[PDB]
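J.: If it helps, the file is called structure.cif and holds mmCIF, C-alpha atoms and all ligand atoms:
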data_data
#
loop_
_atom_site.label_atom_id
_atom_site.label_comp_id
_atom_site.auth_asym_id
_atom_site.auth_seq_id
_atom_site.Cartn_x
_atom_site.Cartn_y
_atom_site.Cartn_z
CA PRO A 1 55.95 -25.94 -26.49
CA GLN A 2 54.62 -22.44 -27.08
CA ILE A 3 53.86 -22.12 -30.75
CA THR A 4 53.53 -18.67 -32.28
CA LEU A 5 51.28 -18.08 -35.24
CA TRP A 6 53.52 -16.20 -37.59
CA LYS A 7 53.69 -19.36 -39.68
CA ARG A 8 51.35 -22.33 -40.02
CA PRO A 9 51.54 -24.47 -36.81
CA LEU A 10 52.77 -27.65 -38.40
CA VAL A 11 53.81 -30.59 -36.30
CA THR A 12 55.04 -34.11 -36.86
CA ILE A 13 52.59 -36.87 -36.14
CA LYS A 14 52.80 -40.63 -36.12
CA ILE A 15 49.68 -42.47 -37.25
CA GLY A 16 49.27 -45.99 -38.55
CA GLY A 17 53.02 -46.50 -38.30
CA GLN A 18 53.65 -43.53 -40.60
CA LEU A 19 55.27 -40.14 -39.90
CA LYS A 20 53.38 -37.19 -41.36
CA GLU A 21 53.19 -33.45 -41.05
CA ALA A 22 49.92 -31.96 -39.88
CA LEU A 23 48.42 -28.60 -39.06
CA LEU A 24 47.28 -27.84 -35.48
CA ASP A 25 43.88 -26.45 -36.31
CA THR A 26 41.71 -24.90 -33.63
CA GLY A 27 39.06 -24.23 -36.25
CA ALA A 28 38.64 -27.93 -36.96
CA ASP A 29 36.31 -29.92 -34.78
CA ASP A 30 37.66 -33.24 -36.12
CA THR A 31 41.07 -34.54 -37.23
CA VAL A 32 41.24 -35.17 -40.96
CA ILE A 33 44.15 -36.91 -42.70
CA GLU A 34 44.95 -37.43 -46.36
CA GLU A 35 44.15 -40.87 -47.77
CA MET A 36 45.93 -43.74 -46.05
CA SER A 37 45.02 -47.13 -44.73
CA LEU A 38 44.06 -47.59 -41.11
CA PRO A 39 43.04 -50.80 -39.40
CA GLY A 40 39.55 -51.70 -38.21
CA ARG A 41 36.08 -50.60 -38.97
CA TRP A 42 35.06 -47.33 -40.49
CA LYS A 43 31.93 -45.56 -41.53
CA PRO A 44 31.34 -42.85 -44.07
CA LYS A 45 30.95 -39.17 -43.08
CA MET A 46 30.64 -35.83 -44.84
CA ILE A 47 32.56 -32.88 -43.42
CA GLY A 48 32.24 -29.29 -44.54
CA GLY A 49 34.41 -26.28 -44.69
CA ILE A 50 35.13 -23.42 -46.97
CA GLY A 51 34.53 -24.70 -50.33
CA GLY A 52 31.85 -27.19 -49.32
CA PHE A 53 31.93 -30.84 -48.23
CA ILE A 54 34.10 -33.89 -48.77
CA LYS A 55 33.37 -37.51 -48.07
CA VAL A 56 35.65 -39.16 -45.57
CA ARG A 57 36.08 -42.48 -43.74
CA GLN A 58 35.62 -42.21 -39.98
CA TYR A 59 37.92 -44.45 -37.92
CA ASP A 60 37.41 -44.50 -34.16
CA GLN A 61 39.89 -45.24 -31.39
CA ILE A 62 42.96 -44.45 -33.45
CA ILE A 63 46.20 -43.67 -31.61
CA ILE A 64 48.25 -40.81 -32.86
CA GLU A 65 51.49 -39.39 -31.52
CA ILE A 66 51.34 -35.56 -31.88
CA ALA A 67 54.61 -33.78 -31.33
CA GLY A 68 55.62 -36.57 -28.93
CA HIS A 69 52.30 -36.68 -27.05
CA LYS A 70 50.04 -39.69 -27.42
CA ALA A 71 46.33 -39.15 -28.03
CA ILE A 72 43.52 -41.51 -29.02
CA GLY A 73 40.37 -40.63 -30.86
CA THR A 74 38.52 -40.37 -34.07
CA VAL A 75 40.41 -39.81 -37.30
CA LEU A 76 38.73 -38.90 -40.51
CA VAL A 77 40.47 -40.00 -43.74
CA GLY A 78 39.80 -38.47 -47.12
CA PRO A 79 40.71 -35.92 -49.76
CA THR A 80 41.66 -33.04 -47.49
CA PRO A 81 44.25 -30.75 -49.06
CA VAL A 82 46.20 -30.74 -45.77
CA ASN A 83 46.50 -33.06 -42.79
CA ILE A 84 44.69 -31.35 -39.92
CA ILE A 85 44.77 -32.13 -36.21
CA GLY A 86 41.46 -30.93 -34.84
CA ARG A 87 40.20 -30.14 -31.40
CA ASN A 88 39.20 -33.72 -30.70
CA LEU A 89 42.84 -34.68 -30.42
CA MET A 90 44.29 -31.33 -29.37
CA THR A 91 42.33 -31.44 -26.11
CA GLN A 92 43.98 -34.73 -25.32
CA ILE A 93 47.47 -33.24 -25.44
CA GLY A 94 46.36 -30.27 -23.30
CA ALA A 95 46.56 -27.66 -26.05
CA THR A 96 45.24 -24.22 -25.33
CA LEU A 97 45.13 -20.83 -27.01
CA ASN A 98 46.60 -18.01 -24.90
CA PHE A 99 46.58 -14.25 -25.31
CA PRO B 101 42.89 -15.62 -21.34
CA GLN B 102 43.64 -19.27 -21.67
CA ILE B 103 41.15 -21.02 -23.98
CA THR B 104 40.84 -24.80 -23.92
CA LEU B 105 39.51 -26.66 -26.92
CA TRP B 106 36.74 -28.82 -25.57
CA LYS B 107 34.35 -26.36 -27.23
CA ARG B 108 34.82 -24.25 -30.34
CA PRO B 109 36.99 -21.23 -29.46
CA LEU B 110 34.39 -18.61 -30.23
CA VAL B 111 34.97 -14.99 -29.31
CA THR B 112 33.15 -11.73 -29.81
CA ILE B 113 34.49 -9.44 -32.49
CA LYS B 114 33.51 -5.88 -33.32
CA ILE B 115 33.71 -4.68 -36.87
CA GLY B 116 31.90 -1.70 -38.42
CA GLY B 117 30.38 -0.97 -35.00
CA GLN B 118 28.74 -4.41 -35.01
CA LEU B 119 29.29 -7.31 -32.65
CA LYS B 120 29.70 -10.72 -34.25
CA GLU B 121 30.89 -14.12 -33.13
CA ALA B 122 33.98 -15.63 -34.71
CA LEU B 123 36.15 -18.70 -34.40
CA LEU B 124 39.81 -18.43 -33.45
CA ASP B 125 41.25 -20.61 -36.15
CA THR B 126 44.94 -21.52 -36.17
CA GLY B 127 44.44 -23.50 -39.35
CA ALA B 128 43.38 -20.33 -41.23
CA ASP B 129 46.06 -18.19 -42.71
CA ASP B 130 43.51 -15.46 -43.29
CA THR B 131 40.54 -13.93 -41.47
CA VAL B 132 37.35 -14.53 -43.39
CA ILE B 133 33.99 -13.17 -42.42
CA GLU B 134 30.53 -13.64 -43.80
CA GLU B 135 29.00 -11.07 -46.11
CA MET B 136 28.91 -7.54 -44.77
CA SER B 137 29.73 -4.04 -45.89
CA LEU B 138 33.20 -2.66 -45.28
CA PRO B 139 34.73 0.62 -46.30
CA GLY B 140 37.10 1.26 -49.13
CA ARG B 141 38.23 -0.71 -52.10
CA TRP B 142 38.69 -4.43 -52.25
CA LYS B 143 40.93 -6.75 -54.22
CA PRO B 144 40.26 -10.25 -55.45
CA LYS B 145 41.46 -13.36 -53.65
CA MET B 146 40.92 -17.06 -53.85
CA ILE B 147 41.15 -19.17 -50.75
CA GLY B 148 41.11 -22.93 -50.56
CA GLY B 149 39.77 -25.05 -47.82
CA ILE B 150 38.27 -28.45 -47.37
CA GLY B 151 35.86 -28.58 -50.12
CA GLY B 152 37.75 -26.50 -52.66
CA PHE B 153 38.16 -22.85 -53.26
CA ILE B 154 36.06 -19.78 -52.98
CA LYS B 155 36.34 -16.21 -54.21
CA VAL B 156 36.42 -13.55 -51.56
CA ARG B 157 36.76 -9.79 -51.34
CA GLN B 158 39.98 -8.68 -49.68
CA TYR B 159 39.79 -5.52 -47.60
CA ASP B 160 43.00 -4.22 -46.14
CA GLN B 161 43.68 -2.17 -42.97
CA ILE B 162 40.26 -2.85 -41.37
CA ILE B 163 39.83 -2.02 -37.70
CA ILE B 164 38.47 -5.01 -35.81
CA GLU B 165 38.25 -5.79 -32.11
CA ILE B 166 38.85 -9.45 -31.24
CA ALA B 167 37.99 -10.61 -27.70
CA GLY B 168 38.57 -7.04 -26.56
CA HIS B 169 41.94 -6.66 -28.33
CA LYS B 170 42.40 -4.14 -31.16
CA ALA B 171 43.65 -5.39 -34.51
CA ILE B 172 43.92 -3.54 -37.82
CA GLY B 173 44.54 -5.72 -40.86
CA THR B 174 43.23 -7.73 -43.73
CA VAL B 175 39.69 -9.07 -43.62
CA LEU B 176 38.37 -11.32 -46.37
CA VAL B 177 34.64 -11.26 -46.98
CA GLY B 178 32.84 -14.11 -48.68
CA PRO B 179 30.72 -17.19 -48.28
CA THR B 180 32.47 -18.76 -45.39
CA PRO B 181 30.24 -20.93 -43.21
CA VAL B 182 31.45 -19.24 -40.02
CA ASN B 183 33.37 -16.10 -39.22
CA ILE B 184 36.98 -17.13 -38.82
CA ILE B 185 39.84 -15.17 -37.25
CA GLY B 186 42.99 -16.41 -38.91
CA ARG B 187 46.61 -16.15 -38.06
CA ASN B 188 46.98 -12.75 -39.68
CA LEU B 189 44.96 -11.15 -36.83
CA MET B 190 45.67 -13.68 -34.10
CA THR B 191 49.28 -12.61 -34.23
CA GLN B 192 48.15 -9.01 -33.66
CA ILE B 193 46.42 -9.93 -30.43
CA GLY B 194 49.38 -12.02 -29.27
CA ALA B 195 47.83 -15.44 -29.47
CA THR B 196 49.85 -18.61 -29.13
CA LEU B 197 49.16 -22.30 -28.98
CA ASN B 198 50.52 -24.02 -25.88
CA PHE B 199 50.80 -27.64 -24.75
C1 LIG A 201 36.63 -23.37 -42.02
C2 LIG A 201 36.70 -23.92 -40.61
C3 LIG A 201 35.50 -23.48 -39.81
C4 LIG A 201 36.70 -25.47 -40.70
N1 LIG A 201 37.99 -25.91 -41.30
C5 LIG A 201 39.27 -25.80 -40.58
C6 LIG A 201 40.11 -24.58 -41.07
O1 LIG A 201 41.19 -24.40 -40.15
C7 LIG A 201 40.72 -24.84 -42.49
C8 LIG A 201 41.84 -25.92 -42.53
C9 LIG A 201 42.46 -25.98 -43.95
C10 LIG A 201 43.73 -25.47 -44.25
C11 LIG A 201 44.27 -25.55 -45.57
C12 LIG A 201 43.49 -26.14 -46.55
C13 LIG A 201 42.23 -26.65 -46.28
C14 LIG A 201 41.73 -26.56 -44.99
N2 LIG A 201 41.24 -23.58 -42.93
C15 LIG A 201 40.73 -22.86 -43.95
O2 LIG A 201 39.76 -23.21 -44.67
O3 LIG A 201 41.51 -21.68 -44.01
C16 LIG A 201 41.25 -20.90 -45.25
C17 LIG A 201 41.38 -19.44 -44.76
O4 LIG A 201 42.80 -19.18 -44.64
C18 LIG A 201 43.44 -20.03 -45.58
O5 LIG A 201 44.58 -20.71 -45.03
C19 LIG A 201 44.23 -22.09 -45.10
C20 LIG A 201 43.29 -22.24 -46.32
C21 LIG A 201 42.47 -20.97 -46.17
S1 LIG A 201 37.88 -27.34 -42.39
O6 LIG A 201 39.30 -27.60 -42.93
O7 LIG A 201 36.81 -26.95 -43.44
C22 LIG A 201 37.32 -28.72 -41.35
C23 LIG A 201 35.97 -28.99 -41.13
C24 LIG A 201 35.64 -30.08 -40.30
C25 LIG A 201 36.71 -30.79 -39.76
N3 LIG A 201 36.49 -31.83 -38.96
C26 LIG A 201 38.06 -30.51 -39.98
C27 LIG A 201 38.38 -29.45 -40.79
CL CL A 202 37.38 -38.25 -30.72
CL CL A 203 41.82 -29.33 -19.81
NA NA A 204 38.57 -48.33 -34.76
#
Before we go any further, please render this structure as structure tokens.
T.:
Amino acid sequence: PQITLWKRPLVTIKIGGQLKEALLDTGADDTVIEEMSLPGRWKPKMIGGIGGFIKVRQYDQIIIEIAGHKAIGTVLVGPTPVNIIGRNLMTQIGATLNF
Amino acid sequence: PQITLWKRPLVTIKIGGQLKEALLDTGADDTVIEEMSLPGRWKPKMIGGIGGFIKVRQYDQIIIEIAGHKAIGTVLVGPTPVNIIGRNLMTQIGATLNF
């Protein structure tokens, strides 16, 4: 699609067998999801934004379906106030900003 | 232009006669820039990101060039780690997300 920015660019994702809503966020380097279980190994990470840092679990090689488009990559899991799809996965679905 | 997301989508802005770099950020409702002087009165605002909230100064009807496009609108000033152009001004320059 072409998604205008009058409202938050929310999309449906599928991750870990679960359907969720997430924000397409060009200002996020990494994808960060609210607490949930994911399979395999993880390692701890700190990520920072406005407000400061939160501690997250970094899971690699996670498949996510984003608006119907499959992508694989790193997913960070932790106490984010919103599920955010970052550039690491947006590149994989061919997302661009146009003006 | 068409901006891919392999790198941070940084653009040049001009505000108060000064060039700055800023991030086109679809996950930001609001434009928030690092401390600087702007004309007129400001109003209080709290914004919440990853990390928690911060207090900012809200300036309305500020003239700002973004990647060579004129916008006039609300600019928040506060301790953001990076200058961020949010949806409020990205809509003024006609930006969309496409995939
Ligand atoms: C501040 C940016 C440089 C970085 N952020 C992404 C940004 O899009 C967040 C993403 C976001 C969105 C909602 C809540 C928390 C974080 N937006 C944000 O803080 O926007 C604030 C300004 O406008 C407001 O509208 C949204 C909250 C306000 S971040 O959420 O801190 C972040 C940092 C690292 C990663 N990997 C992923 C996300
Ligand atoms: Cl990745
Ligand atoms: Cl590409
Ligand atoms: Na893994």
J.: Would you mind listing the residues within 10 Å of ligand NA 204 (chain A), counting only C-alpha atoms and all ligand atoms, as a PyMOL selection string?
T.: chain A and resi 38-43+58-63+73-75
J.: Using Å and a single decimal, report how far atom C16 of ligand LIG 201 (chain A) sits from CA of residue 127 in chain B.
T.: 7.2 Å
J.: Here is a test: counting all atoms listed in the file, which residue of A:31, A:4, A:80, A:98 is nearest to ligand CL 202 (chain A)?
T.: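 Among the listed residues, A:31 lies closest to ligand CL 202 (chain A).
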J.: Name the residues, using the chain letters and numbers of the file, that sit within 12 Å of (49.9, -41.4, -31.0) when counting only C-alpha atoms, and give them as a PyMOL selection string.
T.: chain A and resi 12-20+61-75+85+89-90+92-93
J.: Please put the answer as lines of an AutoDock Vina configuration file: centre and edge lengths, in Å with one decimal, of a box along x, y and z that encloses all listed atoms of range 70-81 of chain A plus 8 Å on each side.
T.:
center_x = 44.3
center_y = -36.1
center_z = -38.6
size_x = 27.5
size_y = 26.8
size_z = 38.3
J.: Nearest to residue 150 in chain B among A:3, A:79, A:21, A:29, with distances taken over all atoms listed in the file: which residue is it?
T.: A:79
J.: Using only C-alpha atoms, find which residues of chain A lie within 8 Å of chain B and jot them down as an MDAnalysis selection string.
T.: chainID A and resid 1:9 23:29 48:54 80:81 84 87:88 90:91 93:99
J.: Quick one: distance from atom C8 of ligand LIG 201 (chain A) to CA of residue 83 in chain A in Å, one decimal?
T.: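 Interatomic distance here is 8.5 Å.
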J.: Please indicate the distance in Å from CA of residue 45 in chain A to CA of residue 176 in chain B, rounded to one decimal place.
T.: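 So the two atoms, CA of residue 45 in chain A and CA of residue 176 in chain B, lie 29.0 Å apart.
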J.: Would you please work out which residue, of B:122, B:130, B:157, B:111, is nearest to ligand LIG 201 (chain A) when using all atoms listed in the file?
T.: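 Between B:122, B:130, B:157, B:111, the residue approaching ligand LIG 201 (chain A) most closely is B:130.
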